[PDB]
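Structure first, commentary second.
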Amino acid sequence: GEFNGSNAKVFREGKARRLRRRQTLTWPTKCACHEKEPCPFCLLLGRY
RNA sequence: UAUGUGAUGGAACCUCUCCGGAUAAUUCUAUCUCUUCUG
Ligand SMILES: [Zn+2]
């Protein structure tokens, strides 16, 4: 996935913003995942 | 009743300090009671 960037505001009427503070895990990359046919993890996340 | 590519809040002991204490022989004698009718 990506797990970066984003524009979370933790509210619709305030800036504040919501961000991570811990470490994100990794796994080796296999197959092709893109906009047309996202992998199940990206489909759940909806990063595209 | 959220709004979405990002939430270690299991991420914090109502904790700390303070003699239910102090004083006292289970002992012992003076009355009580008010209206009587000329005396
Ligand atoms: Zn993917």
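Read the figures in this text as sums done on the coordinates, not as results from a lab. Reconstructed Cβ throughout: ideal geometry from the backbone, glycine too, with neighbour counts over all protein chains shown.
Structure summary
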{"item": "Where labels lie 7 Å past Cα in the beta-carbon direction, separation of A:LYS30 and A:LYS15 in nm", "result": "4.5 nm"}
{"item": "Cα centre as origin, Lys/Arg/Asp/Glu Cβ charges: chain A dipole, Debye", "result": "380 debye"}
{"item": "Computed log₁₀ I(q)/I(0) - Debye formula, equal Cα scatterers, no solvent, chain A, q 0.25, 0.33 Å⁻¹", "result": "-1.04, -1.27"}
{"item": "Theoretical gain in end-to-end length, A:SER6 to A:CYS42 [0.36 nm per residue, Cα-Cα removed]", "result": "11.5 nm"}
